[PDB]
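Below is one structure, written out as C-alpha cells; comments come after it.
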Amino acid sequence: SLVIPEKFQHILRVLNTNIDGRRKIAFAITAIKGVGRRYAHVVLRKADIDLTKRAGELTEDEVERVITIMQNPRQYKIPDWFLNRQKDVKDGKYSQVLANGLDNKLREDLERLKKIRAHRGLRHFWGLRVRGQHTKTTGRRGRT
Amino acid sequence: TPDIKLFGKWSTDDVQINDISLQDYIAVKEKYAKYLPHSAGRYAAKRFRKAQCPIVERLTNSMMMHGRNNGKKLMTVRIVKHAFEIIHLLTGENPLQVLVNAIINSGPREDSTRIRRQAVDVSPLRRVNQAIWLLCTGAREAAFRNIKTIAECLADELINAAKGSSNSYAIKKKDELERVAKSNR
Amino acid sequence: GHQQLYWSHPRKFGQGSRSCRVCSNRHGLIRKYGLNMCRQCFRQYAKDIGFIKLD
Amino acid sequence: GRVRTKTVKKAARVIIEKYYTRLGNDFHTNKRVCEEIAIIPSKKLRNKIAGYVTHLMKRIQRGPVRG
Amino acid sequence: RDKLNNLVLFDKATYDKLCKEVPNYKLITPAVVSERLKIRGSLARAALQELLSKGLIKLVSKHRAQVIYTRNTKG
Amino acid sequence: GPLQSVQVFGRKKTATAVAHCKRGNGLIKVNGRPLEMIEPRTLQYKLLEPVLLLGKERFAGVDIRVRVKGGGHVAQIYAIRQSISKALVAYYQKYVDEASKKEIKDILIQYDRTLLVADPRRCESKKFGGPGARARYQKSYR
Amino acid sequence: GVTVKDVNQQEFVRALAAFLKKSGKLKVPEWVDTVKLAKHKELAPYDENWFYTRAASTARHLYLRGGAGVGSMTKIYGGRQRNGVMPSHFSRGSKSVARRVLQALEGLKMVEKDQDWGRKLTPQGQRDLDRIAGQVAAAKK
Amino acid sequence: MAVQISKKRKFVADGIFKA
Amino acid sequence: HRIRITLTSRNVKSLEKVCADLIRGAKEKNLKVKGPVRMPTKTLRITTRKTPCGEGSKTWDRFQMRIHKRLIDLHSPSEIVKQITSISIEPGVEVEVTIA
Amino acid sequence: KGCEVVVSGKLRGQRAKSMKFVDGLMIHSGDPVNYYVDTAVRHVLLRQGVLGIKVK
RNA sequence: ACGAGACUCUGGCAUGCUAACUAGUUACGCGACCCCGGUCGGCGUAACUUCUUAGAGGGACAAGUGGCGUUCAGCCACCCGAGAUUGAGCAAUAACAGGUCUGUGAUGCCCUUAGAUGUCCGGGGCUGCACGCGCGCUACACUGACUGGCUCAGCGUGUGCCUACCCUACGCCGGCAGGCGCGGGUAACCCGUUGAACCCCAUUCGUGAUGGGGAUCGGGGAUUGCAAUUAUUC
C-alpha cells in the first residue's frame, strides 16, 4: 500500500551489473555503461512504466520489455539521431553499444587507429591528449 | 491603519528592549515599525545612520553572504518570514521579542586589543553588529551540507541564543571572547 | 609559371588582405566605422579626423 | 574643505572697493550686482566670489578691514 | 566522514512511529522527520501529504522551497 | 463636466512609472493588471504602503492608472509606489484645499522621503584596469 | 465582468491546459516522447503531457502582445545555457516544437494570421480565453 | 550615392580626407 | 510640397545658428515651417591603447565623436525655401534637401 | 603672451640631449590649452640622426 | 610665472521655459470580446508635452541659524531642499641610458643584396611536455540542481572605395546545429516595444562524491573556407 512492498529486490543484476534499486527508475539504470541520463527517460517513456517510484517496487517480469527496448533501440520507434553507435566503419548498422560491447568498440576503433599508425592513434597508445589541447601546463598529478 | 502597522502579520508593541544600554541602537519600534524589512537603503551614507535602520532589515542584509548569495534580498526576506513563522509555532512568543533578547544576550560586553594585548570595553553599536553577525554566521554554517533548511537552522539559533542555551554558535563565540578578554584584563 | 605564383593563393579574407591606409602594417587595425587605421596611426590622427577626448 | 583661492578673494575685495554702496547681506541680491560690475566667464566662479562678497560685507559692519 | 543510509519506502516500525509521534509534534517539516525517522526528504514529501489526507496535522504556509505543518487545535 | 485629470511621474533608478490620476470610483491598474497580480508579491506590501498609511478614503473617488517602463523587478515597484503617492498629493493640491494635502504630505514624507522625493543615485562608469568602477584586477608581484 | 489580466497568470495556463485536455482536438505531433525543448536543456520536460501547457501559454503571449512570429516565440522561450566549464550565455529556444504549436493552433481556429507578418489571435479565441479566467475569478472568491 | 554611406561614416570619410 | 531640410553637424553652435537662421530668418516671408526636431546624438567611441608597445601600466584613451541631426519641415514648392537655404551656409554643417 | 621651443635629439655625443627655450606665460593643464596653446612637432634629418623640433 | 584650483565632459531636477507621423500622451469616432460597466503594444484623429529626445537659460554659495575659532582663514552640526564632498579628463620642474628601430615611405651607422637577409608560392612551426610560476573560468551543491510557469533593461553595431565578410523580420522543412523562399533598414523609421539573465512562483531530487562537478573520451550531422588532420566553431 504505502509501506515497503514484499517481493522486494534491492540489488537487480540487469546486463551483469548490480543496479542499486533504491533510486528513481530512470537514474537507477545509469550504472550500465552505455545508458546515461537521456537514454533512460526515453526507454521508460516508450513503454508505459510510471516514473513515480523506485526499482524495488517494479515486477521482475515487467522489465522483460525494458532490456529488449534498451538492447534493440530502433524496433520501438526510437529515432536514429538518439543512438551513440551510428554508421560504424566495421558493421554499418546503428546500435546502442552497452556495458561490455561499448568497452570492446572503444578498443576496436583504437586498434583500427593504432595498427595503420595514424597520428590520432599514437597519442591514444602513448596516453597523450588526442583532440589537440595545450599539454604545457596540464597533466601534473595523474602522471608520474 | 492608524491602529497598528503589523509586520506582515506580526506585532509592533509589547516588544520591550529590557537592557537599559542598547535601547537607542535597537530599531524595532514606534517610528521604524514597517510592513517589511526591505527599505530604499541610504543608511550607509553617514556614520550613525546605520543604527536607526530596523533590525529585521539589518538581519535580512546580514544573511546574504559567501559570494553565491550576494544581492539576493528577495530570498533573505523570505528566509526571515519562514524562520519567524517557525518561532511562533515552537516557542509561543512574538518572534521580534525573541529576536530582541537574542541580539541583547549575544553582544559581547568586553574584548581584547593590541595597544601588549590589553582588555577594553565594547561600544553598544558593535554589540548589536557582532550579535547580528554571529547569529547569521551560526545559521549559515548549521544549514551547510544538511537536510535541515536555512529557516529551520536560523530559528534554532535565535531560540537557543534568546535562552542562553549554550548550543548557539553566537553564545559559544561570545563566551570565548569575554573569557579570552578577561585572560589579559 | 611564376605568374601563377604572385597572388594565386586566394586573398578574399584574413589579416593578410587588409591593413592600415597610412603604413601597410597588419597589426592593431581599427575597421570600426571604416577607419582601416592602425591604433598608433589613429591616436596620432585622432585630433585632425574629428575625434575628441572628453572622458 | 571649502577654502576660496586668492583668485576669488582679490576679485571680491576690489568688487567692494569700487561698488560697496550697491551691496547687501543676502547672496542672491548681490550675485546679480556681480553680473555687471564684474565680467566673469564661469557661473560657479561668479557664485563663489558673490558668496565671499556677502561674507566680506557682513564683517565690514562689525568694524575694521584687511585693507 | 560517517555515512547516513536511509529508507526509500516505509517499514512497519517507521510507519508505526510517524502515526504516533509526528501528529504529536509542533514543528512538522520534511527536514525534521528526515532526522528522527532516518528516511529521505522525498519520502517525507509523501508522508506529510498522506497525513494531510488523514487530517491530523494542519499546514501554516506552502512555499516552493519549504512547507510547514503543526499539531491540532483543541476546542 | 470639467476633467479633474492629473499626470504625475516617478523613478527610483532608470525605471520610471507615470500615474494618470482621474476623478472616478477607485481603480489602480499597472499596465492593465491590478495591484494584487503584479509580481513579486513579497514586495506587494511596498505597493500597499501608499494605501494603508492613508486608508481607502484618500483613495475614495480617484482612478489612478500607471504606465511603467525601464529598470528591473524591484526598481519598477519603487517607481509605482512613488508615482501613485505623488499623483494623489498633486490631485489633492490642485482640485482639493491644500490644508488636507499638507495633512497627507505629513504622513507620506514622515514615513519615507522616497514616497514623495525620489532617489538621485544611478549606476557608475567602469574605469579600466578593473572589472567594476571602484575595483582593480589582481596585482601579481615578481 | 472579468478578463485574463484580472486573474493570477500563474494558474491561468494550468486552468486553460485543463480546458484544452477537455476539448482534445489540437493535432499534437508524434515526437513528444524523445524531443528536448531547447538546446540549453539537460533533461526532458517533466510534465508527462508537457505539450498541453505551452499551447496554453503561447495563446496568452498572443492575447497580450499580438504579432509573435516563430523567431519571436523562440526568443520568449530563452534560458541560461550553463556551458559546463566556460562562462554561461543566453540561449534562444528551439523553432520546430514551438512552430508545431502555432501550426497545431492554426488547424483548430484559436490563433490566426494577418498583415505585418506573424501569427495573431482570431476574434473567437479572445472569447475562448475570457471564459477560462471566468472560472479562475470565482475559484479565489 | 548607390552604396549610400551612413552618417557615422560620412564624418569619418571627410575626416580621413582632411588628414 | 513635403520638403525636409536635414541639418547634420558635429559642432552644436553652428547647427543651432544655421537651424535658427531658417526659422528666425524665415519669419517675415509668411512661410508655413514646422518647429525644430532634434534626433538623439550619435556618440562614436573608439577606445585605443596609449602605448605603441605593450610596456608599463595598461592606460587606454577614450576618443569620442558626438554628431547631431536636425529636421526642418514645410508645405510649399522647392524654390520658396531654396531662396532661404542657399544663403549663409556653413562648411561644418552638412544640409541635404529632400524634396520627396 | 609667451612661447616654448624644445629641440631634442643628438647635440655632439653618443649621449642624447634636449635644449629648452622658455619665455613669458605657458599653460599645460586644463581645457583652455586646446584654443590658447598652439603646438607643432617636426622631424629634421641632420647627418648624425634625427632632431625633433617642438614649438608651443 | 608654472602646478593645485578655476576649466571641459558626464550624473542628479525643472508639471516653468523652447519644439516634434523618424517620440509620445490625453481625450474622441470605430472594432473585438466583456456580466450600466473592465482590458486591448487592435484601427483612425483634435488638442497638449506629464513620459521621450537636446536645446537655452536658471539652480548651490558653507548661503540661513547655533557652537568653536584671540581671529581673520576656517571647522562641526541643524533647517531648507534635486543635489550641503557625484565620477572622469587635462595635468608642472627635473629625471630614468625604463619600453618601442616588429606602427611608420621618421630613423644615423653597421650587415645584406641574384651564394638573398629582397619577393611570392607548397608544407610545417609558434599549441610540441618528466617540470616551475602568473592572470583567469567552472565548481566543491539543498541560501542548491533539474523541469515547467510568470515579468521588467541600458549602453552600442549594420549593407563597408579596397571590403565580399552587414544586421536580420515573417512563413515553410529539419530532434538539433541548420537549410529554403520572401521582405525591411545606410537607421528615434527595420531587427525592436532590443519579451536578456539572476530574482520571483510551482514540481521532483534528499547528505550519497547524488540528478553536486563536467574535464578526458568514442560514434555520427551541417556551417565558414581553396584547404580543418595536431580535432575552426556549433
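Residue numbering restarts at 1 for every chain of the C-alpha cells, chains are lettered A, B, ... in their displayed order, and ligands are numbered from 1 as they appear.
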- Query: Which residues of chain C are close to chain K, meaning at most 8 Å apart when you count only C-alpha atoms (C1' of nucleotides), and how do they look as a list in words?
  - Reply: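 Close enough to count are residues 5, 6, 7, 8, 9, 10, 12, 13, 22, 23, 25, 27, 34, 38, 40, 41, 53, 54 and 55 of chain C.
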- Message: Taking only C-alpha atoms (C1' of nucleotides) into account, find every residue of chain H that has an atom no more than 12 Å from chain K, and write it out as a list in words.
- Response: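 In the required form, that comes to residues 1, 2, 3, 4, 5, 6, 7, 8, 9, 10 and 13 of chain H.
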Can you write out the residues you just picked, keeping N, CA and C atoms, as a PDB file, in the first residue's frame?
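Saved to result02.pdb:
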ATOM      1  N   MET H   1      24.128  58.603 -53.123  1.00  0.00           N
ATOM      2  CA  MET H   1      25.104  57.531 -53.510  1.00  0.00           C
ATOM      3  C   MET H   1      24.384  56.174 -53.552  1.00  0.00           C
ATOM      4  N   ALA H   2      24.819  55.280 -54.448  1.00  0.00           N
ATOM      5  CA  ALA H   2      24.255  53.923 -54.661  1.00  0.00           C
ATOM      6  C   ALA H   2      24.509  53.051 -53.426  1.00  0.00           C
ATOM      7  N   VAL H   3      25.750  53.049 -52.922  1.00  0.00           N
ATOM      8  CA  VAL H   3      26.172  52.315 -51.688  1.00  0.00           C
ATOM      9  C   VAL H   3      25.695  53.088 -50.447  1.00  0.00           C
ATOM     10  N   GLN H   4      25.408  54.392 -50.592  1.00  0.00           N
ATOM     11  CA  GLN H   4      24.718  55.267 -49.599  1.00  0.00           C
ATOM     12  C   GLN H   4      25.412  55.159 -48.232  1.00  0.00           C
ATOM     13  N   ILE H   5      26.662  55.629 -48.141  1.00  0.00           N
ATOM     14  CA  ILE H   5      27.495  55.592 -46.896  1.00  0.00           C
ATOM     15  C   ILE H   5      26.757  56.340 -45.773  1.00  0.00           C
ATOM     16  N   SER H   6      26.690  55.734 -44.580  1.00  0.00           N
ATOM     17  CA  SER H   6      25.872  56.184 -43.419  1.00  0.00           C
ATOM     18  C   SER H   6      26.478  57.444 -42.786  1.00  0.00           C
ATOM     19  N   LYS H   7      25.746  58.069 -41.857  1.00  0.00           N
ATOM     20  CA  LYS H   7      26.130  59.356 -41.206  1.00  0.00           C
ATOM     21  C   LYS H   7      27.343  59.155 -40.288  1.00  0.00           C
ATOM     22  N   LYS H   8      27.505  57.968 -39.692  1.00  0.00           N
ATOM     23  CA  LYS H   8      28.635  57.651 -38.772  1.00  0.00           C
ATOM     24  C   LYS H   8      29.931  57.447 -39.574  1.00  0.00           C
ATOM     25  N   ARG H   9      29.834  57.250 -40.897  1.00  0.00           N
ATOM     26  CA  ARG H   9      30.981  57.040 -41.827  1.00  0.00           C
ATOM     27  C   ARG H   9      31.254  58.277 -42.697  1.00  0.00           C
ATOM     28  N   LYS H  10      30.259  59.145 -42.917  1.00  0.00           N
ATOM     29  CA  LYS H  10      30.405  60.371 -43.752  1.00  0.00           C
ATOM     30  C   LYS H  10      31.359  61.350 -43.055  1.00  0.00           C
ATOM     31  N   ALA H  13      34.799  59.772 -43.229  1.00  0.00           N
ATOM     32  CA  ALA H  13      35.314  59.835 -44.622  1.00  0.00           C
ATOM     33  C   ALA H  13      35.881  61.227 -44.936  1.00  0.00           C
TER      34      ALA H  13
END
- What is the atom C1' of residue K:123 to atom CA of residue A:113 distance in Å?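 Result for atom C1' of residue K:123 versus atom CA of residue A:113: 24.0 Å, one decimal.
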Using only C-alpha atoms, tabulate the residues of chain B lying at most 8 Å from any atom of chain F, each with its closest atom pair and that distance in Å to one decimal, by chain and increasing residue number, as a tab-separated table.
residue	atom	partner	partner_atom	distance
B:1	CA	F:52	CA	5.4
B:2	CA	F:53	CA	7.5
B:8	CA	F:45	CA	7.8
B:31	CA	F:111	CA	7.9
B:35	CA	F:45	CA	6.3
B:36	CA	F:45	CA	7.1
B:40	CA	F:114	CA	7.3
B:74	CA	F:42	CA	7.5
B:78	CA	F:42	CA	7.7
May I have the residues from that selection written out with N, CA and C atoms, as a CSV table (one decimal), in the first residue's frame?
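Below you can see out.csv, which holds the result:
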chain,number,residue,atom,x,y,z
B,1,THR,N,-2.9,51.3,8.6
B,1,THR,CA,-4.0,51.7,9.5
B,1,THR,C,-3.4,52.5,10.7
B,2,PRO,N,-4.2,53.4,11.3
B,2,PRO,CA,-3.8,54.1,12.5
B,2,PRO,C,-3.8,53.3,13.8
B,8,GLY,N,3.9,42.5,8.4
B,8,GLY,CA,3.2,41.4,7.6
B,8,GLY,C,2.0,40.9,8.3
B,31,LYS,N,8.6,54.5,15.3
B,31,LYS,CA,8.9,55.3,14.1
B,31,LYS,C,9.5,54.4,12.9
B,35,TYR,N,5.9,47.4,7.3
B,35,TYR,CA,5.3,46.2,6.8
B,35,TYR,C,6.3,45.1,6.3
B,36,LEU,N,7.6,45.5,6.1
B,36,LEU,CA,8.6,44.7,5.5
B,36,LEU,C,10.0,45.1,6.0
B,40,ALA,N,14.5,51.5,1.0
B,40,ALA,CA,15.2,52.1,-0.1
B,40,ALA,C,16.7,51.9,0.1
B,74,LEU,N,15.5,39.4,-1.8
B,74,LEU,CA,14.1,38.8,-2.0
B,74,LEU,C,14.1,37.4,-1.5
B,78,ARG,N,12.3,36.3,2.6
B,78,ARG,CA,11.5,35.1,2.6
B,78,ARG,C,12.1,34.1,3.6
Quick one: pick out all strand (DSSP E) residues within chain G from a backbone DSSP run and write them as a PDB file with N, CA, C and O atoms, in the first residue's frame.
ATOM      1  N   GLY G  79      16.672  30.678 -22.162  1.00  0.00           N
ATOM      2  CA  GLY G  79      17.216  30.267 -20.856  1.00  0.00           C
ATOM      3  C   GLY G  79      18.725  30.417 -20.790  1.00  0.00           C
ATOM      4  O   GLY G  79      19.334  30.874 -21.778  1.00  0.00           O
ATOM      5  N   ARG G  80      19.291  30.030 -19.650  1.00  0.00           N
ATOM      6  CA  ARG G  80      20.731  30.153 -19.310  1.00  0.00           C
ATOM      7  C   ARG G  80      21.437  28.862 -19.740  1.00  0.00           C
ATOM      8  O   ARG G  80      21.332  27.864 -19.000  1.00  0.00           O
ATOM      9  N   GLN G  81      22.113  28.875 -20.893  1.00  0.00           N
ATOM     10  CA  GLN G  81      22.950  27.734 -21.357  1.00  0.00           C
ATOM     11  C   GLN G  81      24.181  27.657 -20.448  1.00  0.00           C
ATOM     12  O   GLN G  81      25.185  28.335 -20.733  1.00  0.00           O
ATOM     13  N   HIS G  89      25.752  31.643 -21.087  1.00  0.00           N
ATOM     14  CA  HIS G  89      25.192  32.564 -22.110  1.00  0.00           C
ATOM     15  C   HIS G  89      23.662  32.533 -22.051  1.00  0.00           C
ATOM     16  O   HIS G  89      23.108  31.691 -21.315  1.00  0.00           O
ATOM     17  N   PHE G  90      23.023  33.434 -22.801  1.00  0.00           N
ATOM     18  CA  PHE G  90      21.590  33.363 -23.181  1.00  0.00           C
ATOM     19  C   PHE G  90      21.475  32.438 -24.395  1.00  0.00           C
ATOM     20  O   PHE G  90      22.337  32.518 -25.292  1.00  0.00           O
ATOM     21  N   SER G  91      20.447  31.587 -24.404  1.00  0.00           N
ATOM     22  CA  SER G  91      20.137  30.632 -25.497  1.00  0.00           C
ATOM     23  C   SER G  91      18.692  30.840 -25.957  1.00  0.00           C
ATOM     24  O   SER G  91      17.778  30.560 -25.162  1.00  0.00           O
ATOM     25  N   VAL G 111      -5.799  30.622 -32.833  1.00  0.00           N
ATOM     26  CA  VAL G 111      -4.850  31.675 -33.316  1.00  0.00           C
ATOM     27  C   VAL G 111      -4.953  31.745 -34.845  1.00  0.00           C
ATOM     28  O   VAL G 111      -5.283  30.712 -35.468  1.00  0.00           O
ATOM     29  N   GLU G 112      -4.666  32.921 -35.414  1.00  0.00           N
ATOM     30  CA  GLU G 112      -4.908  33.272 -36.841  1.00  0.00           C
ATOM     31  C   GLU G 112      -3.660  33.950 -37.423  1.00  0.00           C
ATOM     32  O   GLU G 112      -2.670  34.108 -36.679  1.00  0.00           O
ATOM     33  N   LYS G 113      -3.719  34.335 -38.703  1.00  0.00           N
ATOM     34  CA  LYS G 113      -2.653  35.077 -39.432  1.00  0.00           C
ATOM     35  C   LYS G 113      -3.248  36.361 -40.024  1.00  0.00           C
ATOM     36  O   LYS G 113      -4.453  36.358 -40.356  1.00  0.00           O
ATOM     37  N   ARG G 119       1.927  35.351 -36.681  1.00  0.00           N
ATOM     38  CA  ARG G 119       0.601  34.902 -36.176  1.00  0.00           C
ATOM     39  C   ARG G 119       0.031  35.984 -35.254  1.00  0.00           C
ATOM     40  O   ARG G 119       0.803  36.837 -34.771  1.00  0.00           O
ATOM     41  N   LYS G 120      -1.281  35.923 -35.026  1.00  0.00           N
ATOM     42  CA  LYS G 120      -2.039  36.805 -34.103  1.00  0.00           C
ATOM     43  C   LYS G 120      -3.246  36.008 -33.587  1.00  0.00           C
ATOM     44  O   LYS G 120      -3.295  34.792 -33.867  1.00  0.00           O
ATOM     45  N   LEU G 121      -4.171  36.644 -32.861  1.00  0.00           N
ATOM     46  CA  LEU G 121      -5.320  35.952 -32.214  1.00  0.00           C
ATOM     47  C   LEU G 121      -6.617  36.226 -32.987  1.00  0.00           C
ATOM     48  O   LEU G 121      -6.929  37.411 -33.224  1.00  0.00           O
TER      49      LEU G 121
END
- Item | Distance-based interface of chain K with chain J, 8 Å, counting only C-alpha atoms (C1' of nucleotides), as a PyMOL selection string | chain K and resi 1-2+7-8+90-92+97+106-108
Using only C-alpha atoms (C1' of nucleotides), which protein or nucleic acid residues come within 9 Å of residue C:36? Drop anything in the same chain fewer than 6 positions from it, and give the result as a PDB file with N, CA, C and O atoms, in the first residue's frame.
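Output contents, as saved in out.pdb:
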ATOM      1  N   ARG C  18      43.825  42.841 -45.670  1.00  0.00           N
ATOM      2  CA  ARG C  18      43.579  44.233 -45.199  1.00  0.00           C
ATOM      3  C   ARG C  18      44.739  44.705 -44.313  1.00  0.00           C
ATOM      4  O   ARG C  18      45.353  43.863 -43.629  1.00  0.00           O
ATOM      5  N   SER C  19      45.009  46.013 -44.333  1.00  0.00           N
ATOM      6  CA  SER C  19      45.987  46.716 -43.461  1.00  0.00           C
ATOM      7  C   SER C  19      45.619  48.201 -43.369  1.00  0.00           C
ATOM      8  O   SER C  19      44.668  48.619 -44.063  1.00  0.00           O
ATOM      9  N   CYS C  20      46.339  48.960 -42.539  1.00  0.00           N
ATOM     10  CA  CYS C  20      46.087  50.405 -42.294  1.00  0.00           C
ATOM     11  C   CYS C  20      46.386  51.196 -43.570  1.00  0.00           C
ATOM     12  O   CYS C  20      47.322  50.811 -44.302  1.00  0.00           O
ATOM     13  N   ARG C  21      45.630  52.274 -43.799  1.00  0.00           N
ATOM     14  CA  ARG C  21      45.640  53.061 -45.065  1.00  0.00           C
ATOM     15  C   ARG C  21      46.788  54.084 -45.075  1.00  0.00           C
ATOM     16  O   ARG C  21      46.851  54.865 -46.045  1.00  0.00           O
ATOM     17  N   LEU C  29      44.767  46.899 -36.002  1.00  0.00           N
ATOM     18  CA  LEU C  29      43.923  47.564 -37.031  1.00  0.00           C
ATOM     19  C   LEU C  29      42.564  47.926 -36.423  1.00  0.00           C
ATOM     20  O   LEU C  29      42.043  47.129 -35.623  1.00  0.00           O
ATOM     21  N   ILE C  30      42.012  49.079 -36.814  1.00  0.00           N
ATOM     22  CA  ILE C  30      40.635  49.532 -36.457  1.00  0.00           C
ATOM     23  C   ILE C  30      39.815  49.572 -37.752  1.00  0.00           C
ATOM     24  O   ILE C  30      40.091  50.443 -38.598  1.00  0.00           O
TER      25      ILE C  30
END
- Message: Using only C-alpha atoms (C1' of nucleotides) and a distance of at most 10 Å, pull out the residues of chain A that contact chain K, as a PyMOL selection string.
- Response: chain A and resi 23-24+27+37+52+79-88+94+102-103+105-107+109-110+118-120+128-140+143-144
- Message: I need the chain F residues near chain C as a ChimeraX atom specification; criterion: at most 12 Å, counting only C-alpha atoms.
- Response: /F:125-127
Just N, CA and C atoms for this one: save the residues we selected as an mmCIF file, in the first residue's frame.
data_model
loop_
_atom_site.group_PDB
_atom_site.id
_atom_site.type_symbol
_atom_site.label_atom_id
_atom_site.label_comp_id
_atom_site.auth_asym_id
_atom_site.auth_seq_id
_atom_site.Cartn_x
_atom_site.Cartn_y
_atom_site.Cartn_z
ATOM 1 N N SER F 125 30.262 54.815 -14.096
ATOM 2 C CA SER F 125 31.152 54.448 -15.229
ATOM 3 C C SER F 125 32.200 53.441 -14.736
ATOM 4 N N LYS F 126 32.506 52.430 -15.555
ATOM 5 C CA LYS F 126 33.588 51.434 -15.319
ATOM 6 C C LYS F 126 34.913 52.049 -15.782
ATOM 7 N N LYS F 127 35.900 52.134 -14.886
ATOM 8 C CA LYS F 127 37.283 52.574 -15.209
ATOM 9 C C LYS F 127 38.153 51.332 -15.435
#
- So which residues touch stretch 20-37 of chain G within 7 Å, counting only C-alpha atoms (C1' of nucleotides), skipping near sequence neighbours fewer than 3 positions away, as a ChimeraX atom specification? /A:42,45-46 /G:16-17,41,44,94,104-105,108 /K:175
- Message: List the spatial neighbours of stretch 8-25 of chain E as a ChimeraX atom specification - criterion: any atom at most 12 Å away, only C-alpha atoms (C1' of nucleotides), same-chain residues fewer than 4 positions off excluded.
- Response: /A:1-6,8,10,20-24,53-57 /B:89-90 /E:29-30,32-34,36-48,50-52,54-59,68-73 /K:206
